[PDB]
Structure formats: structure tokens, C-alpha cells
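Reading through the C-alpha cells given below for one structure.
Every residue, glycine as well, gets a Cβ built from its backbone with ideal geometry; the counts of neighbours run over all protein chains shown. Read-outs throughout are calculated quantities, based only on the coordinates presented, and are distinct from any laboratory measurement.
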Amino acid sequence: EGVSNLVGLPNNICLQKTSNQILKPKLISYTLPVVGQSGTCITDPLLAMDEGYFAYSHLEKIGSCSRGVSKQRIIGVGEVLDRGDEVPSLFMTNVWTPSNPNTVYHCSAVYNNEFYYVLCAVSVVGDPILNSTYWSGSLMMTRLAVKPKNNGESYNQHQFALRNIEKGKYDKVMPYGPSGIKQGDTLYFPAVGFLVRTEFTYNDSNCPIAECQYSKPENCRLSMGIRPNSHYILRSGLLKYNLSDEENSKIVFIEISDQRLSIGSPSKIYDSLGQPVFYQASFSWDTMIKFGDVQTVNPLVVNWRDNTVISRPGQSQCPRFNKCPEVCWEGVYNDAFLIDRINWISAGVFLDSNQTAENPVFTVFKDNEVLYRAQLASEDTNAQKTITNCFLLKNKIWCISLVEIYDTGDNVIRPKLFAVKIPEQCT
Amino acid sequence: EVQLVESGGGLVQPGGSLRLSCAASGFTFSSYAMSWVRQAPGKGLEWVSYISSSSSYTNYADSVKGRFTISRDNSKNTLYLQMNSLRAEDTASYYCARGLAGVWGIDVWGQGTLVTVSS
Amino acid sequence: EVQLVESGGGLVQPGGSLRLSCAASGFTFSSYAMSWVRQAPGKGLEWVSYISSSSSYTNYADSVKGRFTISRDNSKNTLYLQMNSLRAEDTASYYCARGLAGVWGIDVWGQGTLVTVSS
Amino acid sequence: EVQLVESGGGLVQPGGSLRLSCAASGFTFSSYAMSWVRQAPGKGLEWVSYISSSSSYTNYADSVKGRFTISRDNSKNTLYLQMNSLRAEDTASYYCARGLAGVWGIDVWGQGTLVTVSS
Amino acid sequence: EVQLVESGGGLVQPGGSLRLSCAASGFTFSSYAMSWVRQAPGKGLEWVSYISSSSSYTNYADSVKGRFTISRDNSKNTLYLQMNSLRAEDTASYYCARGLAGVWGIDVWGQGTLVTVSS
Ligand SMILES: *[C@@H]1O[C@H](CO)[C@@H](O[C@@H]2O[C@H](CO)[C@@H](O[C@@H]3O[C@H](CO[C@H]4O[C@H](CO[C@H]5O[C@H](CO)[C@@H](O)[C@H](O)[C@@H]5O)[C@@H](O)[C@H](O)[C@@H]4O)[C@@H](O)[C@H](O[C@H]4O[C@H](CO)[C@@H](O)[C@H](O)[C@@H]4O)[C@@H]3O)[C@H](O)[C@H]2NC(C)=O)[C@H](O)[C@H]1NC(C)=O
Ligand SMILES: *[C@@H]1O[C@H](CO)[C@@H](O[C@@H]2O[C@H](CO)[C@@H](O[C@@H]3O[C@H](CO[C@H]4O[C@H](CO)[C@@H](O)[C@H](O)[C@@H]4O)[C@@H](O)[C@H](O[C@H]4O[C@H](CO)[C@@H](O)[C@H](O)[C@@H]4O)[C@@H]3O)[C@H](O)[C@H]2NC(C)=O)[C@H](O)[C@H]1NC(C)=O
Ligand SMILES: *[C@@H]1O[C@H](CO)[C@@H](O[C@@H]2O[C@H](CO)[C@@H](O[C@@H]3O[C@H](CO[C@H]4O[C@H](CO[C@H]5O[C@H](CO)[C@@H](O)[C@H](O)[C@@H]5O)[C@@H](O)[C@H](O)[C@@H]4O)[C@@H](O)[C@H](O)[C@@H]3O)[C@H](O)[C@H]2NC(C)=O)[C@H](O)[C@H]1NC(C)=O
Ligand SMILES: *[C@@H]1O[C@H](CO)[C@@H](O[C@@H]2O[C@H](CO)[C@@H](O[C@@H]3O[C@H](CO[C@H]4O[C@H](CO)[C@@H](O)[C@H](O)[C@@H]4O)[C@@H](O)[C@H](O)[C@@H]3O)[C@H](O)[C@H]2NC(C)=O)[C@H](O)[C@H]1NC(C)=O
Ligand SMILES: *[C@@H]1O[C@H](CO)[C@@H](O[C@@H]2O[C@H](CO)[C@@H](O[C@@H]3O[C@H](CO[C@H]4O[C@H](CO)[C@@H](O)[C@H](O)[C@@H]4O)[C@@H](O)[C@H](O)[C@@H]3O)[C@H](O)[C@H]2NC(C)=O)[C@H](O)[C@H]1NC(C)=O
């Protein structure tokens, strides 16, 4: 008995499309009363899970939830055990908070032997994805153990800043994503690359504007950056960190392939059922979900899954279900964790809206059809970012998903974590 | 259903010595984590003391590193806290849960216990 | 759509102390009127407590003039009622609305809360 | 001003069981004496049941020595009387006061309560 | 098999008056000893009364020397206890047995009776 990841052979799960709601959403984020209300706001979440250990990060803003200030950034790890009879939850054991809250942005977590590295970005100009034209480029990786001891001083918290970067053609690197993977003694972190627009090599004739009359050909080139007249085009990739040497911090940014090349978005790679599975958000011309498995670990090449039923909403410019090139940098992060490989069954909390961001619904889809859905809230509660992770509880698959919802008696976007169990028996 | 019964006292002179208690029932207390969490009207969560299952690890905050020390009495399910050398900045309602500070907590906060240090 | 969610306690020993609550959403609570209305099975409306917008006027009935006192929590939309020293004649379902007694009420009574005072 | 609110009705079958109640307000009920006094049309005063402040002494009349037993409810100001095994000679109006029988009385008899035992 | 049936009740105002009863069957009650034993959650045995067979000797504790007096009803097997002028320190579960305080007791404590004195 034990809380492990997707390994071996789990129990048989539902393989048919049923309207009968057989999903049981269970809340494990019971908060205390918020007597003494104010302009609080919780954003920038993070949820990683591996071998029974989790992590969390958040930036509490007092005022507006976007253009606010920084007061505290609680970054902590813990263990994953059960509440009662077949009720798993997340038990936090260690908590770390930086001195100055308005320095840390865009963290990335990873698992290790008996530690939990948190690779964050350091900036003195604010949001690096908004003022990258003056960002230095320094990166900081915080190591937090999942089991502290008495009077260690070197075993509980490890504030480490990296020195060398192997940037070949990119001008700057930054950890961009919830979590990565590892192979023995080689940590990988999701990231995005900063490359000059005038130094981009992309012929403007491979753009899918053939069956897109209401789309200009240069929309592919104009969509690779945050703005048309910008100075940097984002590029997805991964950061390599070989901790088996410890002689010099190495930062190697391995860029992604050219197949369905989109703008930089929060990516998430995880080892599901042995093979590494990669995810990439859609903040570009492509509005559908970017899913697939990885065959070459170090040379990242992801076989994209052509799902036509799972997408994300947006603004009027680029709404949901849009498959033509358009200049637009918008969307919402909604990932999914792989629960089966023989049938390629995925599971994640995806929003169901055309041009709005409400009604967070957990949906299960194999490749081109939804099997069974279940609403985690009402059809009016807003939601921006969702993080989905699945594991096992001693005989069966369990999934915990962090979904920022709008609580009634809190008046603040609260990252409520819902614990959902993959149904073995269905109608 | 997990029931948390907070206890203790309040209305003490600045610099006194109080002992807060919190018993529980349901989940097996022989191997689990307990933590005292306080919150003042206007502020949010504020962790003070943490202890493991086997009483092998005891963590404290920067402001209460030497004020009180949390103990464990696994034989009789409870949670003691011998608050010593408190000030006016410690006037808040204390709560016991199964998470250090976090935003976590896997059980409804039953009643709590208010501690007033003034005059 | 205005939603009135009644709450509170019931099935208590006569002479105890109950605290009925009623939260609301929608209309601006910072400036409006709230009133507790009860009705026993067989009888009609019976007003007990009234609260003003700025908490400047609090009216009570002849039978509950000194039983309980209504309060106001304009910061967080709610409606408390600290019922103290109740008798067997207070066994009824309490409701919250936007009228003192009247025959008025511009919102459907959602659920209510039954208070049983017997044995 | 002392107000005595008598309650309880009549119109019961011969040999039934009625329960008369009488609440009060004003004077401190925790330490005083209460007594039921009845009077039929044509006759005068007729004491039936007496009780002390600490419920240590309970006196009754020769005709109602085993009919009913007076109790005390010092928590909630009232005066119960579980009338049991009544006859046709008990058709009268009952009253509550602060004197056993006497000719005394320290408050105007407010309303009283008539009990009819016939047919 | 000796069966001890405790009775009574709690939840009374501070300074009230309660009457605890405990009947028994089996052993001959006309010549034996009875004693009330209470225990609060957290503490151990604490005797409050004692009485002989012929009601010739009645022992009490230093804290309840003038609170209540134990009686005997050898005609009808029972054990009364007219608790008077109780305080908040008397909130405990009372028991009836065949030993003053001791560590003795030749019968399984059946149900007991909890008495609560608060608010
Ligand atoms: C993206 O990043 C870039 C670079 O990382 C950011 O550009 C930087 O902006 C800051 C401004 O925040 C520049 O710093 C200095 O700001 C000074 C402002 O002084 C006060 O400004 C506020 C207003 O109060 C004053 O108002 C008037 C203004 O004249 C006064 O008369 C009045 O008395 C008040 O005092 C105050 O609230 C505040 O507290 C400051 O005290 C400037 O004075 C300063 O100018 C110097 O530098 C100039 C060159 O840039 C030079 O020509 C001047 O002569 C002078 O020496 C400077 O602007 C950073 O310098 C600037 N960086 C760069 C590289 O230019 C950008 O803001 C950021 N954008 C986003 C969206 O994040
Ligand atoms: C970036 O992307 C652009 C667009 O795809 C590429 O430019 C196109 O290249 C293709 C070749 O693969 C062109 O297709 C054909 O080009 C012929 C060129 O003629 C000469 O070709 C060689 C030199 O390369 C000479 O040796 C030879 O003798 C010829 O003189 C045209 O003749 C063809 O014309 C046919 O199509 C047109 C319609 O386009 C008809 O009107 C004609 O009648 C005929 O049927 C044909 O066009 C294509 O034209 C190029 N397009 C443009 C806009 O230039 C770039 O090469 C690519 N660059 C990189 C670095 O990848
Ligand atoms: C992260 O960083 C770590 C280092 O910190 C990397 O780990 C290194 O991986 C390389 C892989 O190439 C290891 O190199 C190995 O060295 C072996 C030497 O051991 C013994 O070799 C002789 C045996 O005969 C060999 O002859 C040839 C030589 O090529 C081989 O082909 C044969 O198969 C025989 O094995 C002995 O005589 C000698 O005395 C040595 O004892 C060698 O045998 C391996 O073939 C290989 O070249 C290197 O040792 C690793 N370093 C550590 C510290 O473990 C890791 O890969 C990095 N991760 C990345 C890049 O993702
Ligand atoms: C959606 O899928 C659900 C999958 O769990 C369906 O629930 C299952 O529905 C079937 C059909 O009704 C049940 O099978 C029957 O259950 C009854 C009742 O079981 C109870 O029995 C005793 C009371 O006698 C009670 O103590 C138990 O705890 C059970 O709750 C049995 O009497 C029958 O013999 C037969 O087994 C399943 O039991 C039920 N699943 C569970 C886990 O209960 C649901 O019906 C589907 N909904 C729709 C609309 O299709
Ligand atoms: C959410 O997004 C969905 C996808 O973007 C929306 O579905 C789309 O809705 C639009 C509505 O303008 C459709 O666009 C047009 O549909 C009408 C069809 O009506 C006429 O159909 C025939 C002609 O084919 C005509 O004879 C009839 O009399 C009708 O008048 C036509 O004008 C065009 O064919 C054009 O397609 C999309 O087709 C439709 N897409 C899909 C995939 O269904 C959905 O409406 C959105 N919902 C909300 C609430 O915003």
C-alpha cells in the first residue's frame, strides 16, 4: 500500500461515453472564515505531484487581482497521504517565503531523490513576459526537502542561484511551467525562449492560410510574438540541469520542434505510464489543445494530438474553436494528465465557454470525443487557470486538480483543489 | 466526521503564560501531523508551531521561535501549547489543523479559541 | 435574482440561547432594511426584530422587547439574531426579508429556518 | 408595575388532566413565593397549592392533597400546575399571587383563568 | 447479575437544585452501603456522599459538606441525592456503587449520569 504515480497496471476504467455523472468531486481545500474582508487576491498558482509529494506557490495581491502589489509568496512542499477511508489529500510539511515578495515570478518545480527543487525567475523590472527588454536574466532554484530534520540548516532550505547558461541563439531563458521531468540525475524544467524577431528563420509560405480566406499569410509570423511591432518572439522549450556534477550550474535550453510551432505558453511535461507526456498551452493562432507523448527525452519532439473537441476560450479576436492564423496573444491555461495509454485517455479541468471564462467543468476525453463530464461549480463562477494531476491510491487512479474558482462568501478568486476519482464502473 | 475541539484560555496580562489545548477524534492520532494556526482580525493565516507524528521534528516561526514549544501526547489525543512570554501582537484566535500554514486544511474548523493579551 | 439563505439553530432546551443567521447576495446591503419574521403553524406573520441601514434605529415587538437584539454586519452581508431567554411560544419558522411586518416582500422566501423550542 | 399573565383553559371531562400556567415579570423570581388561588361564583377565596422559593416546601389543601402537585421553574419565570383527577367541585377561576390564602395580595389580579369541569 | 440504573440529568443554571436518583436490584438493599462517586473528564475518582445500612451514619466530602445530603429509601430500592447550591466545579458524571471512594466496586458501572453546570 502506498501513494505512487501511474505505474504498473491500474484497474479498468470507464471506456464508454455516458451522460450519467459517475464522477465524485471531493474538496480537500476547506478554508477558514474570511471575517475581516479586504482587497485580497490569490494568483500565480503552482501544483506538481510526483511519487507522493506535492508543492504549491501563490502570490497574494492586496487590491486588483492583475495590476496589484506583492505581500507574500508562500512556496512549500509536503507529502501526500489519506484523510480517511479512501480519501487522499495533500499534507504540507515545509514552507518557504522569500524576503521581498515582488522579486519572484514564474517558478518551476521538479522532483528528486529526497528533495524538491523550485526553479524561479529573478527580475527587478516586474513581469518578465512584459518588460523583457531590460531583464537581466538571472535564475534562482530553491531546493526544499520533503522531510526536514532538527538543526540541519543545510537540509531543509537551500537558496541557490544558477551562474552559467548555455543559450545558443536565444537572448534570455526563464522557467515557464508548473513542473518538469527527471531521468536519474538530470532535471528538466519547462521554459520559454526569447529570440530576436529579425533573427527568425521562417518562410511565410508554410502558414495554414490555405483554407483560411479571413486570415492574412503573415499572421503566423505576427503571432509568434506578444505584439506585431515587438522586439522578441517567444519560443517554447525545456531547461536541462545535470545535478550529478555540481561543479558548475548548467542551464541548457533545448528548443521545441517546428511541428505546429506556436507562441510561448506555460508548458508541462510529466512521466505518465513510463513514457514522458508533454503539454503546451494555446496562447496563439491554434486554439485547440496541444497534447502528445514524448519519444526523445533530451531532443524534445512531441507527437501532437489532433483533438477537435477540447479547446480553451478567449476574447472576441480569437474565441474558442478557431483554427486559422490570427494576431492574438490570449487564452487560459488548462492542462490534462494522462490516465491510460492503450486507449490514450486523458483527464483535465477544461472551461466550457465561447468568449467567457466561467463554468469550470472536469471532462474526460480519449481523442475526439468527451466520455463523461462533471461540473466542479455552478455555471457562473469564473476560472482562469487550472492544474490537473493524477496519481494512484494503492489499487486505483486518483486525480487532484487545482481550480481557481470564485467563492461565494469570500469575494476573492480562491484556488480550490478538487479530488476526483477515475470511475472504474460506469453506466 | 472529524471533530476538532479547541480549548485553552484568554484575557491574560502582557507577558503571562497560557496553555492552549485542542483534542480530536476520528482519524488515527498515532501517526499524523498537528499544527497551531492563528489569525488576527484584519490579517490572514499565521503559523506558530508544528510537530511531526513521532515528535522528531518541531518547527516554529521567526516571531515565536522562543515563545512556546509544541508537544505531543499521542497516548491521550490532544494538542497542548504552553504559550510563554506573549505580547500584544499575539492577540488572535488560534486553530488546530493538519497543515503547517499552507492554504490547506482537510476538516471544517469547528470552534477555535480566542486569546486576548491586552491591559 | 435575489437569493435569501436562512440559517441558525433549533431543537434546543427552552431558556437557552440560539443565534439565527441569514446571508444575502445581489442587492447592495450597505443601505437597506432587514427584518426577522416568524410564523407558527396555524398562525400568520409575526415580526420580532428590525434593523435600519446605518444601524441607527432598532425596533422590537411587545413580546420580544427584551428577549433578543438584532445587529448588522454591513461589511459582510449577513443578518444575525442572538435569541436569548426564549419560551415555548417561540416555536416557529423564522424568515428574513425587506419589510418590517407588512404584507410586503419583494423576494421569494427561499428556505427559512425552523426553531423548535420544546421539552 | 407587576404584570401577571394567567393561562390555561377549562371545558374538560370529569376526571381529566389539565395543566395551568402563569408567567410573571418585574420582581425577581429567583427568591419569592407563589400560590394558586381559586374562587367559584358564589364563594370566596380557596387556596390549593403552595411552594417556597428554593422548592423545599410544598403545601396543599385537604381537598386537593393528592389531586395536583405544584412545581417551580425559577429558570424561566412561570408557574405550572398539573391538575390531575379533578371533579365537578373544581369549576372555578384560578389565580396566581404571592400569598398562600390570606386576604392579602401585592398586585392587581390581571385576567385570571377559568376552568370548567362539567358534562 | 447486579444491575445499577442511574438517573437524573444535567444542564442546569449555576446555583440551581438537582435531584439525582439511582435504583438497583438483586442484592438485598435493606442492609448494605451506598455512595455517590463522581469523576470529571481529566480527573479521577472523587466521592461526595456516604450512608450506612440503617441510615445512622452519613459522610460527605470537604467540598460538598453542606451542598447536598444523601438519603435512603430501604422500603423502595432507590438512592436519592438532593443537590443544592452547585457551582461550575461540579460538572461531572456521578455514579452509585458499594464503596465510599476506594478503588473498589464489585459491579460493572452501567450507564452513569452526567451533570452539567454551565451558562
Ligand atoms: C520597463 O522597464 C524599464 C527599464 O527597466 C522601465 O523604465 C524605467 O522607468 C523608471 C521610472 O519608474 C526610471 O527611473 C527614473 O524615474 C525617475 C522618476 O522620478 C520620480 O517619478 C515619480 C513622479 O514623481 C515626480 O514627478 C515629476 C517628474 O518630473 C517630478 O518633477 C516631481 O518632483 C516628482 O518627484 C515619483 O513618484 C518617483 O518616486 C520618482 O521619485 C526619473 O526622474 C528618472 O529620470 C532619470 O533618468 C533619465 C534616463 O532614463 C534621465 O534622462 C533623467 O535626466 C534622470 O536622470 C528615471 O526615469 C528608469 O530610468 C527607467 N529605465 C530606463 C532604462 O529608462 C519601465 O518603466 C518599465 N515599464 C513597465 C511597464 O514596467
Ligand atoms: C520560401 O517560400 C516561397 C514560396 O513557396 C518559395 O518560392 C517558391 O519556390 C517554388 C519552387 O519550389 C516556385 O515554384 C516554381 O518556381 C519556378 C521557378 O522558375 C525557375 O526555377 C529555377 C530556379 O529556381 C530555374 O532554374 C528554372 O529554369 C525556372 O526559370 C516557376 O517557373 C514555377 O512557375 C509555375 O507556377 C506559376 C504559378 O506560381 C505559373 O504561373 C507558371 O506558369 C508555372 O506553372 C513555379 O512557380 C514558386 O514560384 C516560388 N514562389 C515565389 C513567390 O517565389 C521560396 O523558394 C522559399 N524559400 C526558402 C528559402 O525556402
Ligand atoms: C550528467 O553528468 C554525468 C556526469 O556527472 C554523466 O554521467 C557520465 O556519463 C558518461 C557516459 O558516456 C560516463 O562515461 C562512461 O565512462 C565509463 C568509464 O568507466 C570504466 O571504463 C573502462 C571500461 O572499458 C570501457 O571501454 C569503452 C570506453 O568508451 C566502453 O565503450 C566500454 O563499454 C567499456 O565500458 C574501465 O577500464 C575504466 O577504468 C572505467 O572504470 C565507460 O566505460 C562508459 O562507456 C562511459 O564512457 C561517465 O562515467 C558518467 N559520469 C559519472 C560521474 O557517472 C551523465 O551522462 C550526464 N547526463 C546527461 C548528459 O544527460
Ligand atoms: C449512474 O451510475 C451509478 C454507478 O454507481 C449508478 O449507481 C448504481 O445504480 C445501480 C442501479 O440502481 C445500483 O444497483 C442496485 O442498487 C440497489 C441499492 O443498493 C443499496 O442497497 C442497500 C439498501 O438495500 C444499501 O444499504 C446499499 O448501500 C446500496 O446503496 C440494490 O438493492 C440492487 O440490488 C442493485 O445492486 C448500484 O448499487 C448503484 N451504485 C452504487 C455505488 O450504489 C446510478 O444508478 C447511475 N444513474 C443513472 C441515472 O443511470
Ligand atoms: C459558440 O461558438 C460556436 C462555434 O463558433 C457557435 O456555432 C456557430 O454559430 C454561428 C452563428 O452565426 C454559425 O455561423 C453561421 O451559421 C448560419 C446557419 O444558420 C443558417 O443556416 C442556413 C445556411 O447554411 C440557412 O439556410 C438557415 O436559414 C439559417 O439561417 C449561417 O449563416 C452560416 O452557415 C454560418 O456558418 C456557425 O456555423 C456555428 N458553428 C458550428 C460549428 O455550429 C455558437 O453559436 C456559439 N454560441 C454562442 C452562445 O456564442
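How many nm separate the modelled label positions at A:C426 and A:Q37, each set 7 Å beyond the Cα in the direction of the Cβ?
According to this spin-label approximation, the distance is 3.9 nm.
Taking a threshold of 18 Å on the Cα-Cα distance, which of the pairs B:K43/C:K76; A:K182/A:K421; A:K26/B:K43; A:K61/B:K65; A:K24/A:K385; A:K26/C:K76 fall above it?
In this structure, A:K182/A:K421; A:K26/B:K43; A:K61/B:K65; A:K24/A:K385; A:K26/C:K76 exceed 18 Å between Cα atoms.
If I take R0 = 25 Å and measure r between the Cβ atoms of D:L114 and D:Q13 in this structure, what FRET efficiency does the formula 1/(1 + (r/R0)^6) give, to the nearest 0.05?
Here the calculated transfer efficiency is 0.95.
Over the stretch A:266-341, what number does the Rg to Rh ratio reach, with both radii from the alpha-carbon atoms and Rh per Kirkwood?
1.00
Run the label-point distances for C:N74 please: 7 Å along Cα to Cβ, every other copy, nanometres, shortest first.
Label point to label point, same position, other copies: 4.5, 5.4, 7.5 nm.
Given a 10 angstrom Cα cut-off, can you work out which residue in B:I70, B:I106, B:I51 is the most mobile in a GNM of chain B?
Of B:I70, B:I106, B:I51, the most mobile in the Gaussian network model is B:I106.
I'd like the Karplus ³J(HN,Hα) series for the stretch A:252-259: coefficients 6.51, -1.76, 1.60, θ = phi - 60°, whole numbers in Hz, and an x wherever there's a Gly or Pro.
So the Karplus estimates, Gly and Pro as x, are 10, 8, 9, 6, 7, 5, 8, 5 Hz.
What value in Å³ per residue do you get for the convex hull of the alpha-carbon atoms in the stretch A:153-309?
Per-residue hull volume (Cα only) is 144 Å³.
What net charge is computed for the residues neighbouring E:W36, neighbours being all others with C-beta under 11 Å from the C-beta of E:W36, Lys and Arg scored +1, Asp and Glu -1?
-1
In µm²/s, what is D for chain E at 4 °C and 1.567 mPa s, where D = kT/(6 pi eta Rh) by Stokes-Einstein and Rh is the Kirkwood radius from Cα pairs?
90
Under a crude label model (7 Å from the Cα following the beta-carbon direction), how far is B:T69 from B:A88 in nanometres?
Each label point lies 7 Å from its Cα, and together they span 3.0 nm.
Only Cα pairs within less than 10 Å get springs; with that Gaussian network setup on chain A, which residue of A:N156, A:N11, A:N102 has the largest fluctuation?
Of the options given, A:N11 has the highest mean-square fluctuation.
I need the peptides A:311-318, D:112-119 ranked by packing, meaning the mean over residues of other C-beta atoms within 10 angstrom, with the highest value on top.
A:311-318, D:112-119
Quick one: what does P(r) look like for chain A with 20 Å bins over all Cα pairs, in whole %?
Binned Cα distances yield the sequence 26, 61, 13, 0.
What does the extension gain come out to for A:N248 and A:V301, with contour length at 0.36 nm per residue minus their alpha carbon separation?
Length difference between fully extended and current span is 16.3 nm.
Where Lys and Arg each count +1 and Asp and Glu each count -1, what net charge lies around A:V173 among other residues with Cβ under 14 Å from its Cβ?
Neighbourhood net charge equals +4.
Pairwise over distinct Cα atoms, reciprocal of the mean inverse distance: report the Kirkwood radius of the stretch B:77-118 in Å, one decimal place.
By the Kirkwood definition, the hydrodynamic radius is 12.2 Å.
Calculate the radius of gyration of the Cα atoms of the stretch A:312-371 to one decimal place, then report Dmax, the largest Cα-Cα distance, as a whole number, both in Å.
Cα radius of gyration and Dmax of the stretch A:312-371 are 13.0, 38 Å respectively.
Considering only B:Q82, B:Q39, B:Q13, give the residue with the highest GNM mean-square fluctuation for chain B, with springs between Cα atoms whenever their separation is below 10 Å.
Looking only at B:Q82, B:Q39, B:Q13, the largest GNM fluctuation is found for B:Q13.
Say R0 is 22 Å: what FRET efficiency, to the nearest 0.05, do A:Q21 and A:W344 get from their beta-carbon distance?
0.45
Which log10 I(q)/I(0) values does the stretch A:282-386 give at q = 0.11, 0.13, 0.14, 0.19 Å⁻¹ under the Debye formula, counting every alpha carbon as one identical point scatterer?
-0.35, -0.49, -0.56, -0.99
Give me the percent relative contact order of chain B, please, defined on Cα pairs under 8 angstrom at least 6 residues apart.
It comes to 35 percent, rounded to a whole number.
Compute the Rg to Rh ratio over the stretch A:51-91 from the alpha carbon atoms, using the Kirkwood formula for Rh, and round to two decimal places.
1.21
Over all distinct alpha-carbon pairs, what is the Kirkwood Rh of the stretch A:185-237 in angstrom?
12.8
What nm value, rounded to one decimal, do you get for the distance between A:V309 and B:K43 when each label is placed 7 Å out toward the C-beta?
5.1
Under a 5 Å amide H to amide H cut-off, with H placed in plane at 1.01 Å, what residues pair with D:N59 once short-range neighbours are removed?
Hits under the 5 Å cutoff: D:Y50, D:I51.
Using θ = phi - 60° and the Karplus relation 6.51 cos²θ - 1.76 cosθ + 1.60, list the HN-Hα couplings for the stretch A:284-294 in order, rounded to whole Hz, with x at every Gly or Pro.
These are the phi-based 3J(HN,Hα) values: 8, 4, 7, 9, 7, 6, 9, 10, x, 9, 9 Hz.
Only helical DSSP H runs with n ≥ 4 go in: add -39500 (n - 2.57) per run for the protein assembly as shown, normalise by residue count and round the 222 nm mean residue ellipticity to 500 deg cm²/dmol.
0 deg cm²/dmol
So what is Rg over Rh here for the protein assembly as shown, counting just Cα atoms and using Kirkwood for Rh?
Using Cα coordinates only, the ratio equals 1.09.
Which chain C residue sits with its beta carbon nearest the axis carrying C onto B, and how many Å away is it, rounded to a whole number?
Rotation axis C onto B, closest Cβ, rounded to whole Å: C:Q111, 4.
Computed FRET efficiency, Cβ-Cβ of B:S30 and A:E114, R0 30 Å: what is it to the nearest 0.05?
For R0 = 30 Å, the calculated efficiency reads 0.80.
Treating only the Cα positions of the stretch A:1-112 as identical point scatterers, give the base-10 log of I(q)/I(0) from the Debye formula at each q in 0.10, 0.11, 0.17 Å⁻¹.
-0.45, -0.54, -1.03
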